[PDB]
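Enquirer: Right, I'll just put the structure down here and ask away after.
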Amino acid sequence: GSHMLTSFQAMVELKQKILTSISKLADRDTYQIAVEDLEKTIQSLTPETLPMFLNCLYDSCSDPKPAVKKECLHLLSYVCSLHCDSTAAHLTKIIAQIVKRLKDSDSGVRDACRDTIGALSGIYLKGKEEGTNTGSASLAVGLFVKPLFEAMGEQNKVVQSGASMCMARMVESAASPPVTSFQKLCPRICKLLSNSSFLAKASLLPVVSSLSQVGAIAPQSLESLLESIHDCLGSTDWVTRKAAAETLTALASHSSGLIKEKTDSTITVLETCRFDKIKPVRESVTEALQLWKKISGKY
């Protein structure tokens, strides 16, 4: 009756203001004051006025003008930074909107996607593995990896590349990284790197490098990982070969104790690849070969 109608009027007025500021973001001189107005509205959000702002951002994330999309992704980040406990429930829809935006070719849009994924990981994946229970960590990491792997399943190299960059940034952005929950990514990344349909292996190898940096390499999948990296060293794209060499470098540099025994096959493949016609490939192969030789002991 009266209370429902009053809440309706308040909600519609707030949506009016939000959409007006978001549309005015599209202008160059009316961009900064609109940013300030949207931030001031973010500050005064409550658990009931939060989902309406999120729905505004969602419906605004599809505007053709790319600056609007970039700022809406940054606003998703901002609202998660200012109301993390309140947005932990809508995290799923948020990550879904980011994965939907992964298909854009605009550099700024893809960079905003990666930065938003990183901010979300830094907020919700920090310290998620401190104690005896390991259930909230699994759910948290899954909220990120399930849509990312689904986007990696699409037949679009742009989307696969974006998904891989976002997954790498997610692994990198966790302060106290959930290593056990992050190790669940290796058995799928192996199959993706061995898959011929996957077209963004050069973007997925840095994900392996990042997993090695935080020490989240699954030892039961390490041999298949090395096999897929050898395959990538065998690729026709020089970028993929250089990326595989640099991932071998990262593995020797951060998973040193994990690869001590299994070096000879990787060293042999590097020996066969040290005379690549592409000079950057030559240099990366030489670097990885020296590192693995020193880890093993050829002196």
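For the structure tokens, the naming scheme is as follows: chains receive sequential letters (A, B, ...) according to their order of presentation, residues are indexed from 1 within each chain, and ligands are indexed from 1 in presentation order.
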What's the 12 Å shell around residue 51 in chain A, counting only C-alpha atoms, without same-chain residues fewer than 3 positions away, as a PDB file with C-alpha atoms, in the first residue's frame?
Expert:
ATOM      1  CA  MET A  11      14.129   3.011  -5.609  1.00  0.00           C
ATOM      2  CA  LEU A  14      17.766   6.331  -7.115  1.00  0.00           C
ATOM      3  CA  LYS A  15      17.805   4.325 -10.368  1.00  0.00           C
ATOM      4  CA  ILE A  42      28.269   3.863  -3.693  1.00  0.00           C
ATOM      5  CA  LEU A  45      24.477   1.998  -0.392  1.00  0.00           C
ATOM      6  CA  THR A  46      22.598  -0.359   1.928  1.00  0.00           C
ATOM      7  CA  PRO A  47      21.965  -4.128   1.641  1.00  0.00           C
ATOM      8  CA  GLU A  48      18.637  -3.292  -0.029  1.00  0.00           C
ATOM      9  CA  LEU A  54      24.351  -3.706  -9.338  1.00  0.00           C
ATOM     10  CA  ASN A  55      21.509  -4.215 -11.834  1.00  0.00           C
ATOM     11  CA  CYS A  56      22.121  -0.681 -13.125  1.00  0.00           C
ATOM     12  CA  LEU A  57      25.792  -1.522 -13.669  1.00  0.00           C
ATOM     13  CA  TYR A  58      24.848  -4.803 -15.368  1.00  0.00           C
ATOM     14  CA  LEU A  76      31.905  -3.133  -9.760  1.00  0.00           C
ATOM     15  CA  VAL A  79      31.391  -1.298  -4.764  1.00  0.00           C
ATOM     16  CA  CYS A  80      33.054  -4.588  -3.835  1.00  0.00           C
ATOM     17  CA  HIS A  83      30.697  -3.103   0.668  1.00  0.00           C
ATOM     18  CA  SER A  86      27.196  -7.078   1.147  1.00  0.00           C
ATOM     19  CA  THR A  87      28.483  -7.905  -2.355  1.00  0.00           C
ATOM     20  CA  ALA A  88      29.848 -11.355  -1.456  1.00  0.00           C
ATOM     21  CA  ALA A  89      26.420 -12.761  -2.388  1.00  0.00           C
ATOM     22  CA  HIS A  90      26.222 -11.072  -5.812  1.00  0.00           C
ATOM     23  CA  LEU A  91      29.851 -11.955  -6.622  1.00  0.00           C
ATOM     24  CA  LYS A  93      26.506 -12.324 -11.118  1.00  0.00           C
ATOM     25  CA  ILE A  94      29.387  -9.827 -11.025  1.00  0.00           C
TER      26      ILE A  94
END
Enquirer: Could you please write out, as a count of residues only, every residue of range 150-251 of chain A that DSSP assigns to helix (DSSP H, G or I)?
Expert: 78
Enquirer: Set the distance at 10 Å and use only C-alpha atoms: which residues neighbour residue 243 in chain A once local chain neighbours fewer than 5 positions away are removed? I'd like the list as a short mmCIF file (atom, residue, chain, number, x, y, z; two decimals) with N, CA and C atoms, in the first residue's frame.
Expert:
data_model
loop_
_atom_site.label_atom_id
_atom_site.label_comp_id
_atom_site.auth_asym_id
_atom_site.auth_seq_id
_atom_site.Cartn_x
_atom_site.Cartn_y
_atom_site.Cartn_z
N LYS A 201 47.09 -20.52 -26.09
CA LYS A 201 48.06 -21.17 -25.21
C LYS A 201 49.12 -20.18 -24.73
N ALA A 202 49.52 -19.23 -25.58
CA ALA A 202 50.47 -18.20 -25.18
C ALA A 202 49.94 -17.33 -24.05
N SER A 203 48.62 -17.23 -23.91
CA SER A 203 48.03 -16.51 -22.79
C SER A 203 47.79 -17.40 -21.58
N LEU A 204 47.72 -18.72 -21.77
CA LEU A 204 47.48 -19.65 -20.68
C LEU A 204 48.75 -20.09 -19.98
N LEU A 205 49.88 -20.12 -20.69
CA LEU A 205 51.14 -20.47 -20.04
C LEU A 205 51.52 -19.52 -18.90
N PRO A 206 51.34 -18.20 -19.00
CA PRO A 206 51.57 -17.35 -17.82
C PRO A 206 50.69 -17.71 -16.63
N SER A 209 52.78 -20.12 -14.97
CA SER A 209 53.86 -19.40 -14.31
C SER A 209 53.40 -18.79 -12.99
N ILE A 229 53.86 -28.54 -21.96
CA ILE A 229 54.80 -27.45 -22.22
C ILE A 229 55.76 -27.84 -23.34
N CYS A 232 53.87 -27.28 -26.47
CA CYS A 232 53.84 -25.86 -26.80
C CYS A 232 55.19 -25.38 -27.34
N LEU A 233 56.29 -25.93 -26.83
CA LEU A 233 57.59 -25.67 -27.44
C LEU A 233 57.62 -26.14 -28.88
N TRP A 238 55.69 -18.63 -32.89
CA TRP A 238 56.88 -18.33 -32.10
C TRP A 238 56.52 -17.76 -30.74
N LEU A 248 58.74 -22.56 -18.46
CA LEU A 248 59.76 -23.46 -17.93
C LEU A 248 60.73 -22.72 -17.02
N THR A 249 61.11 -21.51 -17.42
CA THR A 249 61.96 -20.67 -16.58
C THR A 249 61.29 -20.40 -15.23
N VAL A 281 62.90 -16.56 -29.27
CA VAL A 281 62.72 -17.96 -28.88
C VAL A 281 64.06 -18.57 -28.49
N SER A 284 64.99 -17.21 -24.96
CA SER A 284 64.18 -17.79 -23.89
C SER A 284 64.52 -19.26 -23.67
N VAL A 285 64.77 -20.00 -24.75
CA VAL A 285 65.14 -21.40 -24.64
C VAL A 285 66.48 -21.55 -23.94
#
Enquirer: For a quick check of understanding, using only C-alpha atoms, which of A:23, A:84, A:162, A:36 has the smallest distance to residue 59 in chain A?
Expert: A:23
Enquirer: Record the distance separating CA of residue 289 in chain A and CA of residue 216 in chain A, expressed in Å with one decimal.
Expert: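 Straight-line distance from CA of residue 289 in chain A to CA of residue 216 in chain A works out to 22.7 Å.
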Enquirer: Residues at most 12 Å from range 187-199 of chain A, counting only C-alpha atoms, excluding those fewer than 2 positions away in the same chain, as a ChimeraX atom specification?
Expert: /A:145-146,148-164,167-168,182-185,201-209,211,216-235,237,239-240,244
